[PDB]
Amino acid sequence: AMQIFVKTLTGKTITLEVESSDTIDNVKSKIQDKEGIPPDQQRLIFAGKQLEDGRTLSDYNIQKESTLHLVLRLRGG
Amino acid sequence: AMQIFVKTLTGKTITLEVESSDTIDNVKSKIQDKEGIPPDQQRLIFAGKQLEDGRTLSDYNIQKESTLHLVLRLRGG
Amino acid sequence: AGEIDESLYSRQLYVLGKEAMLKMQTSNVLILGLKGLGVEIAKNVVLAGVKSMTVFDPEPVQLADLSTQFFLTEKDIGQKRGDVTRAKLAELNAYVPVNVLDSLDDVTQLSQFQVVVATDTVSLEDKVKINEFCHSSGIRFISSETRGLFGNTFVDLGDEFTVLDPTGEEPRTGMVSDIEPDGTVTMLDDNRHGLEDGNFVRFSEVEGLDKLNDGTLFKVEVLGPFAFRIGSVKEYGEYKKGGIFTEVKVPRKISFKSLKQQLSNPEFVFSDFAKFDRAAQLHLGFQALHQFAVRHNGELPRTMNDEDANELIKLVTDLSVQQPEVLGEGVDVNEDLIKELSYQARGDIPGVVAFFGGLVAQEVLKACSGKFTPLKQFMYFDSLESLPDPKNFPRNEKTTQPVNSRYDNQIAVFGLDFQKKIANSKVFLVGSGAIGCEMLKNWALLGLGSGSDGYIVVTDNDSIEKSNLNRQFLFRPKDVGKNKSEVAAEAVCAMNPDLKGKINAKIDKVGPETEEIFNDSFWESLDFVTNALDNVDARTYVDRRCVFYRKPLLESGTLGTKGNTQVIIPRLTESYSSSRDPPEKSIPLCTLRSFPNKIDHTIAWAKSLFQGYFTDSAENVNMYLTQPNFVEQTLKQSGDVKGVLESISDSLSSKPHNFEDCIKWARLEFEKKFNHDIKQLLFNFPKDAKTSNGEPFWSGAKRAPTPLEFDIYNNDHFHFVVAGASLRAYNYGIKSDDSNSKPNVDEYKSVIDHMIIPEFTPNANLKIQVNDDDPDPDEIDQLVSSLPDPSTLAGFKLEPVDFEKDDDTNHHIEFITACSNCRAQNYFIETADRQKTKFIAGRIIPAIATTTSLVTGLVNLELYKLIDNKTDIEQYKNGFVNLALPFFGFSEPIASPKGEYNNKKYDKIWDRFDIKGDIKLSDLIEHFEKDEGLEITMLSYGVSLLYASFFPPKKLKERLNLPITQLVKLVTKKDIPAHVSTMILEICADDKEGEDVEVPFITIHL
Ligand SMILES: *O=P([O])([O])O[C][C]1O[C](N2[C]=NC3=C2N=[C]N=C3[N])[C]([O])[C]1[O]
């Protein structure tokens, strides 16, 4: 039962509840349930790297209070 | 568990971690994750040979510390 | 001075930059020796523009020197090489004086020069003396030698040399979304930073970390494709938002060693990594060639001579015993290699001379400027795969001996018979621009097409423009306006009169619309085809014809210092089309229309405005006034009905009567586009506006714009009006007041100052799309009624403008530069100058002669392999180069993909079923079963289905007895036109197992 933060391109910080054994999919799905953005469109980075869907927060030593970065894959604008 | 290098036509040097049994396919996807180029558009040459999608690094005797070259066709003249 | 002529140096300037060229224009260059190698180097350096070029070669011209020296004629025999060549070099470029050095007895004269180049006419002893003097005096030294299919070059720029830009690439740049206290910089959404460990960057527009923006450089530690780290930024404050990073290229100091030191301890750059073990062998070999000449009164080994080849081998062997470290402990002398170096020592081969000529010229420009990374310091090269199979063209002292011919030193390598087959070749060259000119020059030197069975066909639809002269060396200022192909062909006939009457210069574009010209009989008669093009569409088209007619294709390309070559061999390799290149980027419409953040976005916007104001508008009026069904057709056939009708309404209600009216219009357009439209945008989205989620609308890559207040003293405001006015006037046949002068600010000011400018009133129902995906973009009726009847406007016509980037007097680039820049001021984007605007809006491709020569050189080493009909894929070489680095890579062509049906192998690119005659359908089906074991299942011609195994008897009875042409007529209702001689049919088929199998296509020969 831990908290992490996700920053978007607009400066917005999203707060999530996760366990260190959750997968990147889970986090993407959790972002959907809270923000409405769908998993297919999320690309999450931590310390410069893109996070692969099958691994866990633990695999990347992502800790409670950690900050990830959320991108939307680019299209329009 | 080895390292190889990919030099591009612009002078950029990319470092990869691969095992000697990886396919050319594998390597090209690592280059996509790093450079953004899609595998169909990548042209890689090593020691006189252009690397083809179905083969392994071992088939081209690529050793640790080897340097591959990512090259382009130019449209002017 | 301190002044660069853009009308001449345009495309080169985009390669080297102003600063590098300014340094070049203060550099005096000396070249020692004017055989082929020296004159290639000199040609390229003179084209590039240096302060002066001086040539030293007192030796008498002999017939054999004409092997690669394209400025010598037989009239010149007897006279000194230096003198005869001077005047011809001088015509290449009126800005570059070319002098002759009468003597070199006093070495002190070398102090006049910044770069000294010693070619193959200078002995190794004199090279070392001269290098010692240059190095100890701070003069840049370069040397080069070619021998048959072998060559080398050596670079020594002294103890202290500074590289100012290592690659010539655009600095990487990007938008920042976050900067953490530890220095971690994360990119704004799916943008990759592209940096590399140890690059440097500066910042601007970073909020919350103010002294990060002062121009300090930070060292880049790459974390991944989407983030890099610059080290703690706690001391600087706390990140809030925004920010752009820009890469900064820093100076780098390097040292070179003298020729003497490098002879015993060379630093190698490889020309072909598949051959790296050869560099050390050849470095010994070239030294041995000099020892041989010392021992034999200055002579090189004789051609194909065994006695001398053994001596050269002994010499090399002696060197490796004395210096075990050169080949390495235990490593043997490659005797076959050394043998051929001896056999070919006297050879003078155009493709090799062209390769080193371009490479060495480029190093001279590096030495003058600090632009690009010098070769450091020895490079060796061979093209031994170019040798023909000795079974077909035996090589020996008899076959290879001189014949008192300009081609003697090519015969020295290949034999008389091979040289004759080169003469009797029939070739098609597509394009007569930069590559085309170099290509024709090499072919003139080879004697290609000069035999009674040979010929050359060259075609280009374009005429000669001024910027062409900088890299298309067959053209002269007096030639501007004439046709490239025609002038080129005359130029090379002057170089080699054996081609008189043998070159057919055509003026046609190659593509689908010219097949009645370049027909079956034309293609089938060729031995091979050579591209010299500047677009992907033409390359694809030729490649497709070559596959169809089964002809080899030699392909090449450049972009600045980068270049490539590709070979395409019938029944052996992939073709050009078999592989994909990365495609052009596309800017989302919403970004162009409402949310620009780069000068590229404002340039495209302004380019469209230009098009609509001065071209589309005019064509629309002329159509409306001459077609009474124009509106009706618009209403139903145009996507943008509103726009087209507004264009006409506006074009006819203003109607200027004098130049003053044109000024008034342009000033009002300024108000519309740079004030009112921006206020309208800020009305729908105030600065502090938010979205459906609580988040600030103006964020990410959207910059909040500010309206402009017209200011005649601001360069961009002023030129927007001057260019707008003059362009309007042209459309309306009105005389410009700046038609015979420059524009007078106070005159414009006077007209504008008495104008009354209508105030902004918002439109509360206007909607602006924020995403592309999103939508959407009774009144149209009123629009149509507002239009005046053509009855009123008898004889009224508008004169549309045709965009022309290379005429500096026409106001076009003036208008787009000013218009882009105003919009840039709206959105706080840095303005760009005319040169940068011309580059982007004109889509100019950067180009230089050095890369063009060198790439054409490689192409011509590959040509030899076509003459020998080589069928071993391993012998051919695709090349990839970047002269900036300098880098050279080669690779074996990819094999054509193969297939199989009923155990019968076939080539999926090259193989087809050829069929003679307008065969009956029934006969075709039976032929395929009996002779191929294939059950035809589907037959089609283009987009129409001619036969299917599932057809009912009624249909089959109508079709089975029809010749193919009649079957096509039956289905398409259109007859075959008479010019058509072949028909391609696609089929599906089953094999003897009842399974569908991929098979070759069918060609019907009528
Ligand atoms: O690269 P450069 O501009 O110096 O030379 C290219 C040359 O090719 C010609 N060209 C382009 N497209 C063509 C063509 N010739 C014939 N057919 C087609 N489709 C161009 O006019 C240049 O002179």
Side-chain angles (χ1 to χ4, degrees), chain B residues 43-45 48-52 69 71-75 77, chain C residues 149 271-272 274-275 349-352 354-355 381-389 421-422 425 427-431 435 438-439 442-443 446 448 526-533 536 538-558 563-581 854-881 888-897 907 909-910:
Chain B
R43 291 179 208 215
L44 294 161
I45 69 178
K49 301 247 161 211
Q50 190 178 327
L51 310 182
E52 285 166 39
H69 293 91
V71 299
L72 303 166
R73 306 199 285 199
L74 303 114
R75 60 155 290 196
Chain C
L149 300 160
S271 67
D272 179 346
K275 292 177 182 172
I349 305 312
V352 187
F355 176 83
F381 173 102
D382 76 79
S383 190
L384 285 168
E385 296 79 6
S386 302
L387 283 170
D389 180 318
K421 190 172 167 187
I422 283 176
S425 302
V427 193
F428 190 20
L429 173 59
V430 184
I435 290 184
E438 295 295 331
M439 195 69 57
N442 276 259
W443 294 356
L446 286 173
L448 188 71
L526 301 168
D527 287 311
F528 62 90
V529 187
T530 303
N531 277 354
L533 292 156
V536 168
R539 289 176 167 85
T540 295
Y541 176 87
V542 176
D543 184 67
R544 270 157 42 225
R545 296 253 88 190
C546 283
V547 166
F548 182 73
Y549 285 112
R550 295 181 262 189
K551 303 295 183 180
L553 176 52
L554 297 174
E555 154 59 20
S556 61
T558 71
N564 71 288
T565 63
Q566 185 162 344
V567 186
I568 295 139
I569 307 295
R571 291 166 298 263
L572 194 66
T573 66
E574 262 190 352
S575 73
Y576 182 87
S577 306
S578 301
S579 62
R580 294 195 290 285
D581 296 310
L854 175 148
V855 163
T856 302
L858 292 170
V859 174
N860 284 278
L861 298 171
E862 239 39 43
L863 180 149
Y864 285 131
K865 300 173 199 182
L866 300 188
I867 307 300
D868 187 32
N869 295 313
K870 282 178 158 34
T871 65
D872 178 10
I873 201 164
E874 296 192 322
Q875 299 301 116
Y876 294 96
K877 298 264 182 172
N878 296 332
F880 305 87
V881 311
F888 311 94
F890 299 86
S891 66
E892 171 185 316
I894 301 297
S896 58
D907 188 310
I909 287 173
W910 299 95

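The basis for the numbers below is simple: all heavy atoms, side chains too, and nothing from hydrogens, waters or symmetry mates. Order of the sequence lines fixes the chain letters, A, B, ..., with proteins taken first and strands second; residue numbering starts at 1 for each chain.
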Could you work out, with side-chain contact (heavy atoms from CB on, under 4.5 Å) as the rule, every residue matching C:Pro570, not counting sequence neighbours?
C:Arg550, C:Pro552, C:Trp910
Residues at least two apart in sequence or cross-chain that pass side-chain contact (heavy atoms from CB on, under 4.5 Å) with C:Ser271, listed by chain then number, are C:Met379, C:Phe381
Taking [X] for its side chain and [Y] for its backbone only, find out whether a donor-acceptor pair lies under 3.5 Å.
| X | Y | answer |
| --- | --- | --- |
| B:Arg73 | C:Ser579 | yes |
| C:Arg539 | C:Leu533 | yes |
| C:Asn878 | C:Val567 | yes |
| C:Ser386 | C:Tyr864 | no |

For [X], enumerate each residue passing the ring-ring contact (aromatic ring centres under 6.0 Å, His included) test, keeping only those at least two apart in sequence or located in another chain.
| X | answer |
| --- | --- |
| C:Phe528 | none |
| C:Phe548 | none |
| C:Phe428 | C:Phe518, C:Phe522, C:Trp523 |

With salt bridge (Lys or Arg N to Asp or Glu O under 4.0 Å) as the criterion, how do C:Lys877 and C:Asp272 come out once you've worked through the C-alpha distance, each side chain's angles and the decisive distance to 0.1 Å?
CA-CA 10 Å; C:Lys877 298 264 182 172; C:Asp272 179 346; 2.6 Å; yes
Given side chain to side chain contact (heavy atoms under 4.5 Å, CB included), test C:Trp443 with C:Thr530 step by step and report yes or no.
CA-CA 11 Å; C:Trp443 294 356; C:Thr530 303; 3.4 Å; yes
Rounded distance [0.5 Å steps], [atom1] in [X] versus [atom2] in [Y]:
| X | Y | atom1 | atom2 | answer |
| --- | --- | --- | --- | --- |
| C:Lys865 | C:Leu387 | NZ | CG | 10.0 Å |
| C:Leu554 | C:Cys546 | CG | SG | 9.5 Å |
| C:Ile867 | C:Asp527 | CD1 | CG | 7.0 Å |
| C:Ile349 | C:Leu861 | CD1 | CG | 9.0 Å |
| C:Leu149 | C:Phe355 | CG | CZ | 13.0 Å |

Shortest non-hydrogen contact from [X] to [Y]?
| X | Y | result |
| --- | --- | --- |
| C:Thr573 | C:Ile569 | OG1-N, 2.8 Å |
| C:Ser575 | C:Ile568 | CA-CG2, 3.8 Å |
| C:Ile909 | C:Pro897 | CD1-CD, 3.8 Å |
| C:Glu555 | C:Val859 | O-CG2, 4.3 Å |
| C:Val427 | C:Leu448 | CG2-CD2, 3.9 Å |
| C:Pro893 | C:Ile873 | O-CD1, 3.2 Å |

Are [X] and [Y] close enough that some pair of their side-chain heavy atoms sits under 4.5 Å apart?
| X | Y | result |
| --- | --- | --- |
| C:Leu863 | C:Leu446 | yes |
| C:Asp389 | C:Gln875 | no |
| C:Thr565 | C:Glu862 | no |
| C:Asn564 | B:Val71 | no |

Side chain to side chain contact (heavy atoms under 4.5 Å, CB included) between C:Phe888 and C:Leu858, worked out
CA-CA 11 Å; C:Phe888 311 94; C:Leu858 292 170; 5.7 Å; no
Using salt bridge (charged side-chain N to carboxylate O under 4.0 Å, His left out) as the criterion, list what pairs up with [X], not counting sequence neighbours.
| X | answer |
| --- | --- |
| C:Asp543 | none |
| C:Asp868 | C:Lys870 |
| C:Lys275 | C:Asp382, C:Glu385 |
| C:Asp872 | none |

Can you name the residues that form a side-chain hydrogen bond (donor to acceptor under 3.5 Å, both in side chains) with [X], not counting sequence neighbours?
| X | value |
| --- | --- |
| C:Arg571 | none |
| B:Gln50 | none |
| B:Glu52 | B:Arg55 |

Start with the C-alpha distance between C:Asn531 and C:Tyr576, add both sets of side-chain angles, then the distance that settles side chain to side chain contact (heavy atoms under 4.5 Å, CB included), and finish with yes or no.
CA-CA 11 Å; C:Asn531 277 354; C:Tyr576 182 87; 5.9 Å; no
Check the pair B:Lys49 / C:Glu874 against side chain to side chain contact (heavy atoms under 4.5 Å, CB included), numbers first and verdict last.
CA-CA 9 Å; B:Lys49 301 247 161 211; C:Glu874 296 192 322; 3.7 Å; yes
Side chains of B:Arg43 and C:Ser891 only: does a donor on one sit below 3.5 Å from an acceptor on the other?
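There is no such pair (donor and acceptor under 3.5 Å, judged by atom type) between the side chains of B:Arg43 and C:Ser891.
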